[PDB]
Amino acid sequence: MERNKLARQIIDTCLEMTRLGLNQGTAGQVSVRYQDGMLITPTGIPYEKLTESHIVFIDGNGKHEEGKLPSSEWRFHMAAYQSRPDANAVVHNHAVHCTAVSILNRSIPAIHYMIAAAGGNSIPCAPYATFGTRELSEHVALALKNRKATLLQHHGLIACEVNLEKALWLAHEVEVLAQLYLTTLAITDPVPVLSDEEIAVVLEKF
């Protein structure tokens, strides 16, 4: 569990995220819980030019390593870690279907049983606030209180989980749920949903 191994995993997750079609250009970031803060990708540097040494350490006070510039969206990664003690990895991206649902400012309701993967019967959509601000951080911390993923209005998605593999897995599943919702919403509104009783059974079963 050396820093370099965690750095490597972050980079591999970046590449896999792009592979899955969830990350376009320099939009996403991946972070992991580390010591008293986190390791996160830097600002600027395109993912394919990333090396272990580019990964940035930000302590619990929000001070980042010397000579490195963390992602411009680092603050809500720290908000996620402080809001959800169980979270050890965070994935943020601007995946198209998730982002399209965030533009409509809708939660994703229980249209499929895999919605329970994020912890309840919905995927919330936190209100808009300028990127990189403390206001945006507060909305994300409230949205993640009882869910492991949330949409961000006019912006994108944040997903957290116990490790990088699971966080990416969750982020992908939410993009699929988002695409199912938009595809069905174009045909019928509202879209048929499973009852809260049914989701309670699925939650227990998971």
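Numbers for residues come from their place in the sequence shown, where the first is 1.
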Residue stretch of maximal mean CA temperature factor, 136 to 144 vs 151 to 159: 136 to 144
Between the two ranges 10 to 18 and 179 to 187, the one averaging a larger CA B factor in the entry: 10 to 18
Most elevated Cα B-factor in the entry, residues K63, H172, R33, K166: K63
Chain thirds of CA B-factor: placement of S83: highest
